[PDB]
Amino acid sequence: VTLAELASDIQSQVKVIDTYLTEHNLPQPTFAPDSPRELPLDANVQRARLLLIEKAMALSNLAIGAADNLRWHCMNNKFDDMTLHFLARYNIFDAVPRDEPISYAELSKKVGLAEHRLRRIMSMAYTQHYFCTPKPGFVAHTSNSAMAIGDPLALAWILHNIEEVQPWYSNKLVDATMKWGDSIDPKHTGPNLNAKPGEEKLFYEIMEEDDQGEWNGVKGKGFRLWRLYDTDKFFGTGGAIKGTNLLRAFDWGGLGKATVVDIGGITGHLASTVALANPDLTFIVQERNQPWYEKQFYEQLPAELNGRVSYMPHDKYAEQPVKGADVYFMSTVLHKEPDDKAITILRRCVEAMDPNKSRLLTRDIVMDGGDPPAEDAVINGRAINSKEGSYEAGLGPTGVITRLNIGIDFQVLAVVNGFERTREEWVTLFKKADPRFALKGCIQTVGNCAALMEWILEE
């Protein structure tokens, strides 16, 4: 491919998006804080958007060229993370007003970071369109930075990755690999490279046990796990994996009055999203208890649910105490479970299921892609705006959903030696758990990176 080819391709995708926005009188994305934070969920718009990102990344990459790509990458990339690190730890998102500029001098005194250094940090932020400088000596928000205003979930995501995942695990992954090999054992992770025998610590042990700190309402023991919970919530409130996409991937209303057992459901945020939109549904959120868990679970629980979402302490490897429920639901649980452990969990589900009225629903990455809703299956336009060679938009070796899915793969690899799976690998795994399992649906909304898989037991 050439620069010109990429540019033409880009133009084609922009035209699809730009025409949809105009024909529907929808505001255009910009870098201003009042920009829409996403494009319409229309499947044609989203396919075009995913291809556009991919081609624009290819274009900047090609134009930088082979001589400067590795040179500039190892110089600059790491400092985009460092910039966000400063922005979060100094609370700079909240200190810059959303709709008004602020001087470096005033910003410096608000956050306690000297003017010279502040100026330097902000300048790097500008190059990735986080904040801008509208006039000399002044800082203002962009859309990218404004979305973090007042949102500790956004800051949780920054700090979890920069203060835990990267320094403790991913920076050490090479060493981990050479020491223990290609492992599925969560002990074979960065913090244990020099641990004495029997003194290894698991990621989730560190998260729940460390008591030297505090985060967003939880002081002491488990503050890191609470922050990790915030990150989970962050991915549900907006963007590609937004929780409301679950409502489009399965007919929750069709269940009628029914009980959903939410196994490994964190703090029940996703359960609350589904139950808010489906008044006939009861959710049992099953999770390992913590000293602060119930206090936080009920503080977040919307009163409008009238108690339909409740918490039940439960070990996911143990016997399932809720028998004959309509749905047993696991959202992004099994990608941290190697085969033997996932089979244990699945067999616990099977024993509690009534094969003639229970379903097992999982939400997880399907590496090679799920299927779109039936209404989006037929391609009604041109292939250029819908597919990249043989791959659905967003997939293939340079696809942005492919990229994100590898990012998630690497994250669970880093912290627990987890891994993502293809559809065939999911079906193989479930049938090893019980040969009666059948994949009845595998729905991935366009622009999402996860699929909702509907499993049943048939004779």
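Counting begins at 1, following the sequence as shown.
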Which of 312-320 and 294-302 has higher mean CA B factor, as the PDB entry lists it: 294-302
Which of 429-437 and 407-415 has higher mean CA B factor, as the PDB entry lists it: 429-437
Member of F79, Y169, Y126, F250 with the greatest C-alpha B factor (per the PDB record): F250
Peak C-alpha temperature factor (PDB record), options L225, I384, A156, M75: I384
Ranked C-alpha temperature factor of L334 among modelled chain residues, by third: lowest
Among modelled residues of the same chain, the CA temperature factor third for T402: middle
Relative C-alpha B-factor of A4, binned into the chain's lowest, middle or highest third: highest
Lowest, middle or highest third - CA B-factor, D42: highest
Chain third (lowest, middle, highest) by recorded CA B-factor, residue given as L276: highest
